[PDB]
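Below, read A as the first sequence line, B as the second, and so on, with proteins coming before strands; counting in each chain starts at 1. Counting starts at 1 for both ligands and their atoms, in listed order.
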Amino acid sequence: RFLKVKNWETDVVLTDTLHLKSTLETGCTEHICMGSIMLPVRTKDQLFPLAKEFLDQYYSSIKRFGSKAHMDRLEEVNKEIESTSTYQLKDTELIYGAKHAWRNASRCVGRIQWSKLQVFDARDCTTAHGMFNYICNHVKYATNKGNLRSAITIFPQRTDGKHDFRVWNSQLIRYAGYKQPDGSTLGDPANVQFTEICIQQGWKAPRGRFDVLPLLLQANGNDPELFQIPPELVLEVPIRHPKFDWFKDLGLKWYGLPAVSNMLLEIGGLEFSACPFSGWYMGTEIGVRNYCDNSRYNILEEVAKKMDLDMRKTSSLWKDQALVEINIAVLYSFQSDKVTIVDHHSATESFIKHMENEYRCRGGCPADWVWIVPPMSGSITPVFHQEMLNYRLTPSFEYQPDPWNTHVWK
Amino acid sequence: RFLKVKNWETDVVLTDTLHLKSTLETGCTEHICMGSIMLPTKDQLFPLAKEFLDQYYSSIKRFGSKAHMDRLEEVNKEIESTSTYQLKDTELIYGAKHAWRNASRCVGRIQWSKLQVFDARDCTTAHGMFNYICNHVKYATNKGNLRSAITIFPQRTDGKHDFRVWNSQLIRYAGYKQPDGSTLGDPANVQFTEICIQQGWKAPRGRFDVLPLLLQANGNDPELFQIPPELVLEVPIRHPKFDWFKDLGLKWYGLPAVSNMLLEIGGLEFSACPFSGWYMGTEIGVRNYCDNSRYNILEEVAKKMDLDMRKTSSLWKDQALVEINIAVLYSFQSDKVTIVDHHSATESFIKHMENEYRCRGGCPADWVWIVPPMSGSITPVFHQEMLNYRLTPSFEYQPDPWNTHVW
Ligand code: HEM
Ligand code: HEM
Ligand SMILES: Cc1cc(N)nc(C[C@H]2CNC[C@H]2NCCNCCc2cccc(F)c2)c1
Ligand SMILES: Cc1cc(N)nc(C[C@H]2CNC[C@H]2NCCNCCc2cccc(F)c2)c1
Ligand SMILES: C[C@H](O)[C@H](O)[C@H]1CNc2nc(N)[nH]c(=O)c2N1
Ligand SMILES: C[C@H](O)[C@H](O)[C@H]1CNc2nc(N)[nH]c(=O)c2N1
Ligand SMILES: [Zn+2]
């Protein structure tokens, strides 16, 4: 069954056959669409089918489907599962798996880049100190002094779910949030709870507006351990504006490297609960969301005040005006310091080219419109006008509950 | 089976129960979300009629009363012999308001209960339709203090005798392809403009020509009519800060009046049912003015602001976009023509959702449509989870009648 998607700005119509490979469920029904909902131990039984599907895909991509090496590997994986209850991926299969999880990520606008991903195999890691070393090396490699490179570090897979490797941070680099007795927050309000956990575990908090959080790292189901990323490894960009000299005096900065560390990577039925990955920012992530969300740094008031915009009525669009200038400054700052960044026009335009290419050569590109359309200037980016089909392919990155909720303390 | 909806900015969680009353299908499956797709008999009528009548009588808090039953019999008597039935004035007004209440793509529904309904079911001709329409346009315009209205023509019978307004809105601007290869006026209306030419319209060939009405009664051939110019309130577009902005020659009409949809009440089909409210500013400044396939003015506007257009990363498009939208709001405000900005409209919609969850158990809403096309995340609806489902009574799209109608 073929499904059509239309771009309403160009009249380009595309045909999706890839959705027929989708197994996992969307949350939607014939009777209800959950498209705007944020979040809508395996048996040996279910594991070999999942292994088989994955390996069939892998061997098909390398043009060896049904070859002797394909049949033998299926055989070897079967036996390993029966004998040991799990299995180990080859290096080739891990790299392939990790790239495909990225390629399959519906909510990622940056996927044109999917095949250029540096994979760090951390499956020989045994301790939190070992994790910290792996992570520092990833941070250094990915940073590359501002010429950002995409990377993922993959720690050992789940076994019985009692011995998980977890990075407790949501991102490798994030700023502390501090809830004051007067109810105000200092620093990043999104990180209050995790900051509290870090302090509880013995972190001495500087209590500033931009304190880089420590890593809290869980190896082998053990209680997690604190580590401070070497600050010389943390590339930051102070934010200034090309025409507005007063912008610098707001005291804003951001870190160059976006590195998600709380997701779970599924490949051939196996579960890698610690698999931090990083790319580079789209400007709006910092300038719209991090700075301007009401529940985040919330700087709109202060910026419009300094711009002397009319703030007595929403209809002056003082908010929209400030929002643009803040985003201009973010991009100008990164560019000036030669730290890789992409504006939302360029990033969305390249996504459309990617998407079309994926249709022509793969039969589809699952894409989540709610997430792909940037959070400012939506309809002047070409994605707004693009019909998209959202469905779930494996390999995949999934959310997982925060470990402080599930972890059994020793 | 009962569903939670969360607002990620306020941590407010609402529980949706209304969705269990939904009948019609979304286009989604357990395998595939189609949330971003624009368009995804006697035995038949009576369930639909009963279902509707049941909700109507429950709403006037007289459910299971004899008057409720009495109505249920009489409808059933009528379907059995005429193969259709007629709505009472009360049922019609209620159905219309509820089709608005149920429109999951409308941010403006806080207003749903203040809708003036004009019953035009006694209309028989296109001239009749024209008169009803001019009266709607004038009542709704109200010299700039816009009021919500709907005019309802007779219902489908055998579907060979449909009433249709061929225009997509009562008021739109014409579109002309030129020898140049460029487009003059509204590119969205090129085809429809040609259809007007084809039937005798004399076109001024300007950027801003108000289209004529093309009205079909009783499934007869449609006829041309010019809305009296003095009934079409238009706003010239100027900037509170940029004196040069007037030289772009921009204007828009005050009355958004959707005229191509189909109103479904109790299984009955009202193929002509033009309705109108007032604009949210972004509809004009962002979509009408800035869509590449529309008036597409960003290039000119940026040139006049003397912004650096050498690279996307100066955000020159975004800068100009704010300005254009500031100009639309200022112009409507200075002329006292009702308009709402996207901050105010989305704030009011959040308050409306909260009301609907509280007093009705839910509110169907299409995030893709509800979130404005600029500054998405600085409006509160961006952070609001919404459940999308199809309730009846309902407004639906229907195929353009020229593809359908036989001459
Ligand atoms: C190369 C530059 C990249 C850019 C510009 C980019 C861009 C983005 C953006 C803007 C989002 C939405 C995030 C948000 O609004 O919270 C996103 C989500 C996502 N990206 Fe990418 N990305 C890049 C690289 C990568 C890499 C290397 C991976 C993994 C290998 C990845 C996987 C994902 C996933 C799984 C999501 C969804 C996250 C969630 O649901 O919270 N991206 N990306
Ligand atoms: C009173 C002020 C109103 C406001 C501010 C408003 C706002 C809007 C907006 C912004 C949209 C998105 C349209 C687009 O982006 O093309 C929309 C769609 C819609 N509105 Fe409302 N509206 C109002 C009155 C009404 C009334 C009176 C009705 C019906 C009686 C109505 C029914 C609808 C329907 C059915 C849609 C979906 C149209 C489509 O799918 O193309 N609106 N509205
Ligand atoms: C690898 C990469 C590159 C890039 N440019 N951008 C990214 C997303 C990161 C960075 N900027 C935002 C952050 N987003 C990742 C985490 N998102 C929270 C999702 C969430 C929240 C609550 C409930 C849910 F069900 C889901 C990753
Ligand atoms: C009543 C009212 C008030 C208001 N503010 N705004 C409105 C929507 C109107 C006006 N501004 C745009 C227009 N929207 C109605 C037409 N929308 C096109 C939808 C469409 C297109 C193509 C294929 C599809 F399947 C669907 C109505
Ligand atoms: C409720 C809504 O689904 C939620 O706020 C989503 C909307 N779109 C998004 N898109 C991106 N890229 N990132 C986000 O955090 C969100 N939030
Ligand atoms: C492809 C996508 O569904 C399409 O561009 C939609 C997106 N959201 C929209 N939202 C509104 N309010 N109006 C529109 O016309 C659209 N277009
Ligand atoms: Zn859906």
Asks: Before signing off on this row, confirm whether A:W280 and ligand 3 have an N or O atom pair separated by under 3.5 Å.
Replies: yes

Asks: Return yes if some donor-acceptor pair links the side-chain N/O of A:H385 with the main-chain N/O of A:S379 below 3.5 Å, else return no.
Replies: yes

Asks: Which bit of A:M38 gets closer than 4.0 Å to ligand 3, counting heavy atoms only: side chain, backbone, both or neither?
Replies: both

Asks: Quick one: nearest non-hydrogen protein atom to atom 1 (C) of ligand 3, plus distance?
Replies: A:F277 CD1, 3.6 Å

Asks: Between the candidates A:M263, A:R107, A:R289, which shows the shortest non-hydrogen contact distance to atom 11 (C) of ligand 1?
Replies: A:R107

Asks: Which heavy atom of the protein is the closest neighbour of atom 27 (C) of ligand 3, given with residue, atom name and distance?
Replies: A:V260 CG2, 3.6 Å

Asks: Relative to atom 26 (C) of ligand 1, which among A:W102, A:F397, A:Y399 owns the nearest non-hydrogen atom?
Replies: A:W102

Asks: Which option wins on minimum heavy-atom distance to atom 4 (C) of ligand 6: B:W369, A:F384, B:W367?
Replies: A:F384

Asks: Using a strict 4.0 Å cut-off to heavy atoms of A:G279, name the atoms of ligand 3 that fall inside it.
Replies: 1 (C)

Asks: Heavy-atom distance to atom 6 (N) of ligand 3: which of B:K6, A:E285, A:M263, A:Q113 wins?
Replies: A:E285

Asks: Using a 4.0 Å heavy-atom threshold (strictly under), name the region of A:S278 that reaches ligand 1: side chain, backbone, both or neither.
Replies: backbone

Asks: What do the steps show when you test A:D368 against A:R392 for salt bridge (charged side-chain N to carboxylate O under 4.0 Å, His left out), and what is the final call?
Replies: CA-CA 10 Å; A:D368 180 347; A:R392 293 182 54 206; over 6 Å; no

Asks: Starting from atom 2 (C) of ligand 3, find the nearest protein heavy-atom neighbour and note its residue, name and distance.
Replies: A:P258 O, 4.3 Å

Asks: How far is atom 23 (C) of ligand 3 from its nearest protein heavy atom, and which residue and atom name does that atom have?
Replies: B:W8 CH2, 3.5 Å

Asks: Would you say the rings of A:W369 and A:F384 are close, in the sense that their centroids are separated by under 6.0 Å?
Replies: yes

Asks: Using distance alone, decide if ligand 6 has a nitrogen or oxygen within less than 3.5 Å of any nitrogen or oxygen in B:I37.
Replies: no

Asks: Quick check: does any side chain N or O of A:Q118 sit under 3.5 Å from a backbone N or O of A:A151, one acting as donor and the other as acceptor?
Replies: no

Asks: Which heavy atom of the protein is the closest neighbour of atom 13 (C) of ligand 3, given with residue, atom name and distance?
Replies: A:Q171 OE1, 3.8 Å

Asks: Between the side chain of A:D188 and the main-chain N/O of A:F210, is any donor-acceptor distance below 3.5 Å?
Replies: no

Asks: Between A:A101, A:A105, A:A98, flag the one that comes closest to atom 34 (C) of ligand 1 by a heavy atom.
Replies: A:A105

Asks: At under 4.0 Å between heavy atoms, which part of A:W280 makes contact with ligand 1: side chain, backbone, both or neither?
Replies: both

Asks: Stepwise, does the side chain to side chain contact (heavy atoms under 4.5 Å, CB included) test hold for A:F397 with A:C108?
Replies: CA-CA 11 Å; A:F397 290 110; A:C108 180; over 6 Å; no

Asks: Ignoring hydrogens, just give me the one of A:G279, A:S106, A:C108 whose non-hydrogen atom is nearest atom 22 (N) of ligand 1.
Replies: A:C108

Asks: Can an N or O of B:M38 be found at a distance shorter than 3.5 Å from an N or O of ligand 6?
Replies: no

Asks: Tell me if the centroids of the rings in A:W254 and A:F334 come within less than 6.0 Å of each other.
Replies: no

Asks: Within a radius of less than 6.0 Å around CD of A:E93, do more than 12 heavy atoms belonging to other residues, nucleotides or ligands occur?
Replies: yes

Asks: Can you check salt bridge (charged side-chain N to carboxylate O under 4.0 Å, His left out) on A:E358 and A:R103, steps first, answer last?
Replies: CA-CA 10 Å; A:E358 289 289 79; A:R103 197 186 179 175; 2.8 Å; yes

Asks: Short N/O distance, under 3.5 Å, between B:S36 and ligand 6?
Replies: yes

Asks: Of the backbone atoms (N, CA, C, O) and the side-chain heavy atoms from C-beta on, which set of A:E285 has a member under 4.0 Å from an atom of ligand 1: side chain, backbone, both, or neither?
Replies: side chain

Asks: Looking only at N/O atoms, are B:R287 and ligand 6 under 3.5 Å apart anywhere?
Replies: yes

Asks: Check whether any protein heavy atom sits under 4.0 Å from atom 16 (C) of ligand 3.
Replies: no

Asks: Looking at A:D343 and A:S346, would you say the former's side chain and the latter's main chain have a donor-acceptor pair under 3.5 Å?
Replies: yes

Asks: Heavy atoms only, cut-off 4.0 Å: how does A:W114 contact ligand 1, side chain, backbone, both, or neither?
Replies: neither

Asks: Just need the protein heavy atom nearest to atom 29 (C) of ligand 1, so name the residue and atom and give the distance.
Replies: A:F277 CD1, 3.1 Å

Asks: Pick one of side chain, backbone, both or neither for how A:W371 approaches ligand 3, counting any non-hydrogen atom pair under 4.0 Å.
Replies: side chain

Asks: Mark up the atoms of ligand 1 that fall under 4.0 Å of a heavy atom belonging to A:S150, in ascending order.
Replies: 1 (C)

